[PDB]
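Asks: Quick one: this structure, given as structure tokens, is what I'll be asking you about.
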């Protein structure tokens, strides 16, 4: 038996709670990228992600981090901070696309997430929402940035989908018009977006049940 | 906006029907792996509390005893402990991995079990698409080094690693003389993690094949 | 056992004398960077406690204020805060990085500062071979995610990252009303880290060029010379 | 000297002379550990290339064979393969760790070997203050996951992990039929890593007791 558990708060999982009526609205995907370079492969990859997601039927919003103050260097009502926070609240899933800069995710990528709180009043800007992580680099393949982002996804309490993208030697993959050529990298991008839409459709309607936790029911009681 | 790099014959729209086939009626199958061979092992004792909770939640639970598991490539694959582990992984729909944190990392014993499990053995994918909960136990103050490592490892195994996780600090203090976890914030988190695992397993097991039906695979198949 | 893949002409037996040139006689030059712009910032307060210790150990210390630093690539490198940062990095012989743990990771402000520092600017290497101590602070229970990330980043900056480090848990509990760190195991550790950083910087600063004199670079330089001469039609 | 949290008796100013003791003459003792027991193992062949380089550079090199090593706690600290390993570690002044990347991480074999090495065994510190070079091999395209994990592990072992490291992608392409590594930028990196490890080990081995001498420990 279970002498450390409160049997009043323990609940058997309920199949019907996992299957509420399917929503019909476009899955809401926020896309963030980690560069302000004029020629930014992370931005250009974010845009390829957008085109795919839109094809699949998602409503996509891409946040431009230009003009974002450093965390705590402005009030939370700053135009770009409010935009980012409202975008996160609006989202049902997110794509984060970071350059790998000095073998890690970028300060721009992390500063965006730094500005997003786990909670504000009753609202949880990220909890339970789906996440796809992707990186790009001018050098040979690495996973340092996507590893950091996947751990970060846990801290934000997101459902980080298993598939992810790491594009090596990015300048070889994007043409003069900023479009990705057919490649194994591109096929991965398609798989990741494809998976993200499926996970978002699967989880969004029962997310409140999925985050209805024993410990929180216990503290309410 | 156009998609000149895509194979437009294999690119398909999401299908809602496919995310909701009829629910299976058999108990969710959960395999629990733990990362220590010590006689009194807090990871094993935590594994056992996980088992108890998962059973209450209606899962069929199996726990693998790693005692006698050879080092990876130190024995043939047909070694009994290897075959048993592989069979157990195949059988499972979701898993719990419970690792001590030793020298600020997951244990050699934990990693060795996962190293013995291949992504593909013939037509069978022992781990792909299955849910995963990660937990660690430590003799010292809080760290998440082991669970962070196991979470990255979950990606490499193509598992749906649930967001919640448990890290029990100074674990020796949290277990009584009967090997039972004491009531605490840590225990309530173990409840939450097991609760979450069952929900995600129920949610995903029946549409896993659709979730894992990939553009790049169809393209290569055509 | 021979070395068929090695260019024997660029191989060098490590030379003990070269690891001991005359000691420098100026104060070890330490740059401190921190990862918060909060009014009450425990990383900044920790940075200042680190400065006092370093100065007691005889270092010359400069602390960079990241306020007004543009986002990487959001301004020309001639931006006054960017020049300041790069100039301080070039000046430094060792560094301390003090990051909060925000969302379980090093902070965007911490990483943005390093993002603004190139491995190379012409012949100048702003970070290579220099010593580094990493430290973190958190509002919550202990973690090492942030110091772990910084330790890897120190490799990528080609720094000699010292084995010891500080992670202060529930940092608000450990600083008093004057912003001074209270006596504790955590403080004793900060002392050990600063003591260690100064020893490594003294040990290493004078022979850095030798430590950083690499086979593959001697091999490349030789190939490049030969190529340049050939392009000018010299037999 | 505005240091109120500090016990001013335990504080010493750094001593330049204590960083420069008479140089040792004996050859630098390096232990190599590898993370694969496969018949054809590129971490083992890489480990052997490391050995040849370090010997040329004037190190005395020992390589531990992890075969027959029991799993941790599956045998007493006295298991013969255990006695062998702790001691090779106690003998070494620096170490090379060479792990495959398996499932995007260092191997169980690599981890099990260091799990078996305590921070202390009474008064000896098999690892504290010793130098460390980390290297990985993969069958796939480049990654740093295994060397990243090993670098953090070097911190937990209190070692001086040198900045330079090796990661060899598609390692099967880089070794010929005789098990020798082919000339390449990967090989040139290996040379650099070994060269650096020898320099660091000569630099630090004599003043280690001074370097590992702490305010906190002599306060306690």
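Residue positions begin at 1 at the first shown residue.
How was it done? The header gives X-ray crystallography, 1.8 Å.
Note that Cβ sites are derived from N, Cα and C of the backbone, with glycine treated the same way.
Straight out of Swiss-Prot:
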BINDING   C:36, C:37, C:38, C:39, C:40, C:41, C:42, C:43  FMN binding site
Asks: Can you give me the same-chain residues 6 or more apart in sequence from residue C:37 (FMN binding site) with a CB-CB distance under 8 Å?
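Replies: Listed in sequence order: C:66, C:67, C:109.
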Asks: Which residue, of the binding-site residues C:36, C:39, C:41, C:43, has its CB surrounded by the fewest other CB atoms within 10 A?
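Replies: Per-residue Cβ counts within 10 Å for the binding-site residues C:36, C:39, C:41, C:43 bottom out at C:39.
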Asks: Taking the Cβ of residue C:42 (FMN binding site) as centre, how many other Cβ atoms lie within 10 Å?
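Replies: Counting Cβ neighbours of residue C:42 (FMN binding site) within 10 Å gives 24.
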Asks: In sequence order, which residues at least six apart in the same chain have a CB under 8 Å from the CB of residue C:38 (FMN binding site)?
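Replies: The list for residue C:38 (FMN binding site) reads C:44, given in order along the sequence.
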Asks: Specify the count of other C-beta atoms within 10 Å of the C-beta of residue C:40 (FMN binding site).
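Replies: So the number of other Cβ atoms within 10 Å of residue C:40 (FMN binding site) is 10.
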Asks: In terms of Cβ proximity below 8 Å, which binding-site residues out of C:40, C:42, C:43 neighbour chain A?
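Replies: Filtering C:40, C:42, C:43 for a Cβ under 8 Å from chain A leaves none.
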